[PDB]
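Only one chain comes next, encoded as structure tokens, the form deposited without adenosine-5'-diphosphate (ADP).
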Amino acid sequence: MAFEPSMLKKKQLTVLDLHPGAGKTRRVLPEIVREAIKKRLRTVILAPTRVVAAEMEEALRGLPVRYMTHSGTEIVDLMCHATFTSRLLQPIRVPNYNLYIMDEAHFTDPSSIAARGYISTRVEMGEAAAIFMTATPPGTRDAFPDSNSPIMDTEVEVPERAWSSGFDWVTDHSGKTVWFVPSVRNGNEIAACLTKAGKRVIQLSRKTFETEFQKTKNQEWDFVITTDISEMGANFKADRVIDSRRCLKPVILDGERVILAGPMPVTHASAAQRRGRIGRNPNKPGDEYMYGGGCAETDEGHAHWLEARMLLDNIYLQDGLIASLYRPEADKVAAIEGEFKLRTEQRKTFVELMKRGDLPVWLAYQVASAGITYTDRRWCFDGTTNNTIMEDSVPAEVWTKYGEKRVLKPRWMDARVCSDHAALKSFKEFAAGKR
């Protein structure tokens, strides 16, 4: 697609969907920003991560943009998706933007989903225009889209776990490989296997992305082992992508607990974004895409869209109106608008549990809605027996700040606080009352 100035008129929401590597960041985005500045539209640009934000700064070099992570007269702001949503939740002033530009608008994290819902509501009210940029917009059913250079697509058996024999083609490779895994724990086991095989490996996840991605730039490496976070703007100088074609789906069971279902097939959009990490250089043909499964569209019942409604139910708008989800995403949940609206006190705690507590949205809501205050950690230990958190098949214990050693057994079980080492470590600190 091509950008046209008429797309900036209020009530207009436009999806720009150039194929991967076609140049939406380096070419299209500055063109949009320049037009916005000329039309004196108060604008916000939304990047999925700080990595992409820094990339935009390079592309937008010389333009009066206020980077919110130098003049006072800038009318264009740039911040992260999560930063945008977080500010909407806080009782602080958010500008009445006339234009919203979201890069990587396919991002399926709750804060991004919420952002699109808020933005699309502002547009429909006639208060703004919006441009959503992504190579894989809603309705994407092509896993093998166009690329700057021909890609060698090959369906093969991809290791789901550490191996001691076979899969010679994996390690018998002299170039750089990006390997997409369904989880941190799984990637840790794959990475350990590769390291023992004498390969130089970098691991990427949401929590470690900003820091570890820097390693892909300052040293030689053979493999990058990454979760789906690398679908959201990360680029690598790689020759091969190995795609498990699998992911984990958070699912709210019984409205009492969250489990991680799967590993299960990824969406076509996800598959396309993973493959899209290579074949980006027109003058370098032959990049390989090794994939070991088909795709599936099962975002229905995915916890993230329910968590997005939890966020939007607590974002103020006008005369008690509540933002609906972005229309193509609306039927991924069944929750009623206003279902999760909290009182002022509980809402503050809700925000606090997410921000400072670093808890998943769903879990933060259970605690906050129960009227529990931030420093009250009794709930981390008083759950039913089947909520006992296990670590290497034994109950996870923690020495509390006033310890006394105690077993982790939360009143509400969200598997995401204990599915990998770093997550469990963070939750232990919280349960111990040290955050």
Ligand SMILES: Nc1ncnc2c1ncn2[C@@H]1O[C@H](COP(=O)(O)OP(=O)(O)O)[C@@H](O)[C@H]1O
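Quick note: we count residues from 1 along the sequence shown, nothing fancier.
As for the form solved in complex with adenosine-5'-diphosphate (ADP), it is not shown, yet the points below apply to it.
- Although the chain is displayed without it, adenosine-5'-diphosphate (ADP) can be placed by superposition from its pose in the deposited bound form; doing so yields no atom within 2.4 Å of a backbone or C-beta atom, and the site is open.
- Contact with adenosine-5'-diphosphate (ADP) in the deposited bound form, judged by any heavy atom within 4.5 Å, is made by just one of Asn148, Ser183, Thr140, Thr171: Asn148.
- Though the partner is left out of this view, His19 does reach within 4.5 Å of adenosine-5'-diphosphate (ADP) in the deposited bound form, counting heavy atoms only.
- Using a 4.5 Å cutoff between non-hydrogen atoms, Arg61 does not count as a contact of adenosine-5'-diphosphate (ADP) in the deposited bound form.
- Contact annotation for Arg280: at least one heavy atom lies within 4.5 Å of adenosine-5'-diphosphate (ADP) in the deposited bound form.
- Residues are counted as partner-facing when one of their heavy atoms sits within 4.5 Å of adenosine-5'-diphosphate (ADP) in the deposited bound form; in 233-260 not one qualifies.
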